[PDB]
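Undergrad: Give me a 3D structure for the following:
(chains A, B, C, D, E, F, G, H, I, J and K, ligands or ions: 11)
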Amino acid sequence: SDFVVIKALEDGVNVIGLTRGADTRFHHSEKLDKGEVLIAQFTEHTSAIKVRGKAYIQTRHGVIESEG
Amino acid sequence: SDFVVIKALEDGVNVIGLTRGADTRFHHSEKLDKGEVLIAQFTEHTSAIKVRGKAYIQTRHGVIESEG
Amino acid sequence: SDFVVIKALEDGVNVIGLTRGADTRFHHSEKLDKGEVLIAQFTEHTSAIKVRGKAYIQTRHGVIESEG
Amino acid sequence: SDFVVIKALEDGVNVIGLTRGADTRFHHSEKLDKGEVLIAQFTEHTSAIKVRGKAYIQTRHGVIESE
Amino acid sequence: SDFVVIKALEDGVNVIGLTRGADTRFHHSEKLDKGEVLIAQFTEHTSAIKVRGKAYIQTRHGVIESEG
Amino acid sequence: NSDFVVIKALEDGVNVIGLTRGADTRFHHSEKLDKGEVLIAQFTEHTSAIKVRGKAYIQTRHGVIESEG
Amino acid sequence: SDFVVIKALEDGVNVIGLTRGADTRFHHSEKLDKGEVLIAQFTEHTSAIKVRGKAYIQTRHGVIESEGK
Amino acid sequence: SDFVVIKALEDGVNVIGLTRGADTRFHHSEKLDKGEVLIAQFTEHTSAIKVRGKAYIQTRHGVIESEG
Amino acid sequence: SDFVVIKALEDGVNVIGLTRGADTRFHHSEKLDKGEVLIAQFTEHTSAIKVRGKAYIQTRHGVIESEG
Amino acid sequence: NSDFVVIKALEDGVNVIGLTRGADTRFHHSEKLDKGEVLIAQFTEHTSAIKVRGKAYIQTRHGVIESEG
Amino acid sequence: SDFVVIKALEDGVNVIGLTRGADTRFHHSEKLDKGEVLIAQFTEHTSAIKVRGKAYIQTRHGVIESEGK
Ligand SMILES: N[C@@H](Cc1c[nH]c2ccccc12)C(=O)O
Ligand SMILES: N[C@@H](Cc1c[nH]c2ccccc12)C(=O)O
Ligand SMILES: N[C@@H](Cc1c[nH]c2ccccc12)C(=O)O
Ligand SMILES: N[C@@H](Cc1c[nH]c2ccccc12)C(=O)O
Ligand SMILES: N[C@@H](Cc1c[nH]c2ccccc12)C(=O)O
Ligand SMILES: N[C@@H](Cc1c[nH]c2ccccc12)C(=O)O
Ligand SMILES: N[C@@H](Cc1c[nH]c2ccccc12)C(=O)O
Ligand SMILES: N[C@@H](Cc1c[nH]c2ccccc12)C(=O)O
Ligand SMILES: N[C@@H](Cc1c[nH]c2ccccc12)C(=O)O
Ligand SMILES: N[C@@H](Cc1c[nH]c2ccccc12)C(=O)O
Ligand SMILES: N[C@@H](Cc1c[nH]c2ccccc12)C(=O)O
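TA: Numbers count the residues shown, from 1 in each chain, chains lettered A, B, ... in the order given. Ligands and ions are numbered 1, 2, ... in the order given. Take a look at the structure below.
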C-alpha cells in the first residue's frame, strides 16, 4: 500500500487525512514544524491526504511542493 | 489502488469524485486554494475524478495540466 | 484497475462509458469543457470508453489525441 | 485486464468484439467516426477484437495501423 | 492472459485457434482481408494460434512476420 | 496465463511436437507447419515441453533461437 | 510491506509511530543517538511515521533529510 | 513456471528430467538430434534437468553451453 | 519478504530486533565481530531492526552506514 | 515457481548436494556431474539449500559465481 | 523466497542459520572449505543467516564480503 513523504519547509504545516468511505471530511490534522518529516500511508481510514503550508512532498509519481 | 496528485495553481480549484457503480454523479467536491496539494485515491466510492480550475496533476501516466 | 486521463482541448467533449457485459450500450456521457481533466477507471460497469471531441488522452500505452 | 486504444483515421471504422467461449462470433460492432477514440478491454464476453477501416491502434506491444 | 496482434498484409489470411486440452484440433478460423487487424487472446478454449498467409504479427516477444 | 513460444517455419514439414505433462512423458500431438506459417503455442495443463524439428525461427521470453533440419 | 531507513545525524532523534485506524496518536517513540540506524516497517499498528531531529532518511521514493528544531 | 531452451549442437544430446520429491532419480530422457530444439518446463514431476552432450542452452539467467 | 545485510566494521556491532505488534521493545540482540555478516529478514516477530556500532548496511533502498 | 541454479561442471566429479528443508539439515542427495555437463536445479519442498563441491561455473538470479575444487 | 550465495575464500567458513519465530538461536552451522559454494534460502525455519570466516557473498542487494577471524 502506498505512502507519501512530507517534509515541512516552515512551521505549522498541516498534513490532513480525509476519510475513506461514502462520507469525505477531515478526521485528523498532523501539525509539522519546520524540518519535520512525516511518512504517511493510505489506509483503511484515509483515502485522500491534503497538505496545507510550505512543504517538500515525495510520492511514487515524483517530487511536488505545496505553498502556504 | 492508484492515486492522483493535484496541486492548485490558483484559488477555488475543485477536485470532484464521481460515484462508482451503475449510476454516475458527483458525491464530493474538494476545493483547493492556491498552492495546496491533494493526493487522492480511486476507492470503493470513487471510480473517476474530475479537476476544474488551474492545477498541476501527476498520475502514473505522467504530468498533465488542467486550466481555468 | 487501469485508468485513462482525458483533458478537454475544446468545449463539449464527451467521455462516454460503455456497459460491461453481454450488452453494449452507452450508460453515461460526461461532458468536459475546455481545460477540464477527467481521470476515469475501467470498472465493474464500464469496460470500454469512447471520447468524442478534441482532447489530449493518456493511457498506459502513451499519449493519443482525439479530434472533433 | 488488458486494453486496446483505437483512433479512427476515417469515418465508418468498426471495432468488433468476438465472443469468449467455445464458439466464436461477433456480438458487437462499435462504429467510430474520424478522430474518435475507443479504449476497449478484453472482458468476460470479449476475448478477441477485430478492427476494420483505417485507424491508429496502440496496445501493450506498441503501435500498429489498420487500413 | 497474453494476446497476439495480427495484421493481414494480403487478403485471405487465416488466424486459427487450436483447442485447449488433451485434444488438439482447429475450432475456428477467422479470415482477415488486407489491412484488417485482429487482437486475439489465449483463453480457456484456445491454447495455440496458427497464422496462414502474409501478416505482421506482434507478441510480447516482439515482431514476427508470416508469409503466404 | 502461461508462457508461450512463437515458431515460424523456414521450410516445409516443420513439426512442433507437444510432450505430455505429468508422470508419463510421450508425444501427444505433432503440428505440421509449411514454409512461412507461424504457430504461437502455450504451455498448458497437457503440454509441459515442446520439441521443434526442421528449420524454424523461434522466439521465447529468453530471446531468439533457431532449429535446423 | 514497505520500510523506511533512518540514520540519526545527532543525539536524541525520535522516530515516532502513529497508530493505524480511525484514531491517530503516537504509540511509540524510538530514540536514536548519533550514528545509529533504524530500519522500520509500516505495520498493522503503525501507518504513519514521524521523524523529529536531524536524520538522513531513505525510502522507496529516494533520500530526504529531517532537520531539528 | 520457468522453462529451459535446449538446442542440440550434435546428435544424441540427452535432456534428463529428475524427479521432484524426497527421492531423486531420472524419470525421463529426451534425446535430441543436431539442430533440434527442446523448450522444457519445470513441473509437478521435474524439479531439476540435466543436459549431456554438446548443446546451446537458454535460461532466465542467460546462455550456457554444455559440452559432450 | 524484505531483508537487510549488516557487515560489522568493528567488534561488538549490535543488531537489535524490535517486536512486531501493539508493543515495542527489543526481543533479540545479535552481536557481530569485525568482518562478520548478518543477513536478516523482517518477520512475524521482528518489524523494525536497529543497528548500533560501525557497520556497512545494504537494503533494497541502497547502502547506508551506521557509526558507533 | 521457485528459483533455480545453473551448474556447469568444469571438471569430472563435481557434486551438487541438496540439503533438507525443514527443522533438520542434512544432505539428502549428491548429484555427481562430469566435465561439461549442465544441471539446472530448483529449490523445492525437499531442498532449501544447495552446496557445490568441485570446479563449476554457476549462474543464479544474482549473477555468475565459480566454485573451485 | 530469497536466497544468498556464499563462496568460501578460506577453510572453515561457517554459514549459520538462526531460528525463525519468537525464540532466536542457531539451529545449524554449515562448514565450507575453500572454494566451495553454498546457495541457501530463507525458510520456514531460518529467518536470518550469519557468515563467519572469509567469504564472497551475493544477495539481491549485490556483493558483500565477510572477513575472517
Ligand atoms: N490513524 C490514521 C494515520 C494516518 C495515516 N495516513 C495519514 C494521512 C493523514 C493523516 C493521518 C494518517 C490512519 O490509519 O488512517
Ligand atoms: N471519501 C472519499 C474520499 C476520496 C478519495 N478520492 C477522492 C477523489 C475525489 C473526491 C473524494 C475522494 C472516498 O473514499 O472515495
Ligand atoms: N459510475 C461509473 C463511473 C465511470 C468510471 N469510468 C467511466 C468512464 C466513462 C463514464 C463513466 C465512468 C462506473 O463506476 O463505471
Ligand atoms: N459489453 C462489452 C463491451 C466491450 C468491451 N470491449 C469491447 C471490444 C469490442 C466490442 C465491445 C466491447 C464487454 O464487456 O465485452
Ligand atoms: N471464442 C474464442 C475466440 C478466440 C480467442 N482467441 C482466438 C484465437 C484464434 C481464434 C479464435 C479465438 C475463445 O474464447 O477462445
Ligand atoms: N491441445 C494442446 C494444444 C497445444 C498447446 N501448446 C502445444 C504445443 C505443442 C503441441 C500442441 C499444443 C494443449 O492444450 O496442450
Ligand atoms: N511494535 C511496532 C514496532 C514498529 C515498527 N515500525 C515502527 C515505526 C515507528 C515506531 C515503532 C515501529 C509495530 O509493529 O508497529
Ligand atoms: N512429463 C514430463 C515432461 C517434462 C517436462 N520437462 C522435462 C524435462 C526433462 C524431461 C521431461 C520433462 C513432466 O511433466 O515433468
Ligand atoms: N528430488 C529433488 C531434486 C532436486 C532439486 N534440486 C536439487 C538440488 C540438489 C539435489 C537434488 C535436487 C527435489 O525435489 O528436491
Ligand atoms: N533445514 C534448513 C536448511 C537451510 C536453509 N537455509 C539455511 C541457512 C543457514 C542454515 C541452514 C539453512 C532450513 O530449511 O531452514
Ligand atoms: N527469531 C527472529 C530472528 C530474526 C530475524 N530477523 C531479525 C532481526 C533482528 C533480530 C532477530 C531477527 C525472528 O524470526 O524474528
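Undergrad: I'd assumed residue G:22 was in contact with residue A:45.
TA: Yes - counting by C-beta atoms under 8 Å, residue G:22 is a contact partner of residue A:45 at 5.3 Å. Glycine gets a C-beta too; all of them are placed from N, C-alpha and C.
Undergrad: of the two, who's got more company?
TA: More crowded of residue A:45 and residue G:22, by other C-beta atoms under 10 Å in any protein chain shown: residue A:45, with 18 against 13.
Undergrad: For residue A:37, list the residues it contacts.
TA: Listed by C-beta atoms under 8 Å, 6 or more residues apart in numbering or on different chains, the contact set of residue A:37 reads A:5-8, G:50-51, G:55, G:57, G:64, G:66.
Undergrad: can you redo these as TSV with secondary structure?
TA: Formatted as TSV, those follow (DSSP: H, G, I helix; E, B strand; the rest coil):
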residue	secondary structure
A:5	strand
A:6	strand
A:7	strand
A:8	strand
G:50	strand
G:51	strand
G:55	strand
G:57	strand
G:64	strand
G:66	strand
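Undergrad: and for residue A:45 and residue G:22, which residues touch both?
TA: Joint contacts of residue A:45 and residue G:22 (C-beta under 8 Å, 6+ apart) are residue A:27.
Undergrad: centroid residue for chain A?
TA: Using C-alpha atoms, centre = their mean, the residue of chain A that lies closest to the mean C-alpha position is residue A:15, 3.7 Å off.
Undergrad: which residue sits closest to it, ignoring its sequence neighbours?
TA: residue A:30 (4.6 Å; C-beta to C-beta, 6 or more residues apart in numbering or on different chains).
Undergrad: May I ask you to confirm that the one you found is in contact with residue A:38?
TA: Yes - counting by C-beta under 8 Å, residue A:30 touches residue A:38, with 5.9 Å between them.
Undergrad: coming back round to it: test my guess that the residue nearest to the centre of chain A contacts residue A:36.
TA: No - using C-beta under 8 Å, residue A:15 makes no contact with residue A:36, being 9.9 Å away.
Undergrad: out of everything not next to it in sequence, what's closest to the residue in chain A sticking out farthest from the centre?
TA: Distance from the C-alpha centroid of chain A peaks at residue A:22, with 20.7 Å (C-alpha atoms, centre = their mean). Spatial nearest neighbour of residue A:22, chain neighbours left out: residue B:45 (5.6 Å); criterion: C-beta to C-beta, 6+ apart.
Undergrad: And for residue A:52?
TA: residue A:14 (4.6 Å).
Undergrad: Tell me the bridge partners for residue A:64.
TA: Legend: beta-bridge partners of residue A:64 under DSSP bridges are residue A:57.
Undergrad: wait, residue A:40
TA: residue A:4, residue G:48.
Undergrad: residues touching it, list them.
TA: A:3-4, A:6, A:15, A:17, A:30, A:46, A:49, G:18, G:47-48.
Undergrad: so residue A:12 sits right up against residue A:54, yeah?
TA: No - taking contacts as C-beta under 8 Å, residue A:12 lies outside contact range of residue A:54: 9.6 Å.
Undergrad: Residue A:27 touches residue A:15, doesn't it?
TA: No - with contacts counted by C-beta under 8 Å, residue A:27 stays clear of residue A:15, the gap being 11.6 Å.
Undergrad: Around ligand 1, pick out the residues from chain A.
TA: Within chain A, the positions lying close to ligand 1 (C-beta under 6 Å from any ligand atom) are A:15, A:17, A:28, A:30, A:40-41, A:43, A:45-46, A:49.
Undergrad: Now distance to ligand 6 too, for those residues, in CSV please.
TA: Shown next, in CSV, are the residues of chain A next to ligand 1 (distance: C-beta to the nearest ligand atom, whole Å):
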residue, distance to ligand 6
A:15, 54
A:17, 51
A:28, 55
A:30, 56
A:40, 49
A:41, 44
A:43, 44
A:45, 47
A:46, 47
A:49, 49
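Undergrad: Can you name the residue of chain A nearest to ligand 7?
TA: residue A:39 (9.3 Å; C-beta to the nearest ligand atom).
Undergrad: thought that residue was touching residue A:2?
TA: No - contact status for residue A:39 versus residue A:2: not in contact, 10.9 Å apart, counting by C-beta under 8 Å.
Undergrad: Now do the same contact list for residue A:50.
TA: So residue A:50 contacts A:14-16, A:18, B:30, B:32, B:36-39 (C-beta under 8 Å, 6+ apart).
Undergrad: Can you tell me which of these lies closest to ligand 9?
TA: Nearest to ligand 9 among those, counting by C-beta to the nearest ligand atom, is residue B:39 at 46.6 Å.
Undergrad: so the closest one makes contact with residue A:3?
TA: No - judged on C-beta under 8 Å, residue B:39 makes no contact with residue A:3 at a distance of 10.0 Å.
Undergrad: from chain A, which residue is nearest to chain E?
TA: Residue nearest to chain E within chain A (C-beta to the nearest C-beta): residue A:60, separated by 24.8 Å.
Undergrad: Brilliant, that's me finished.
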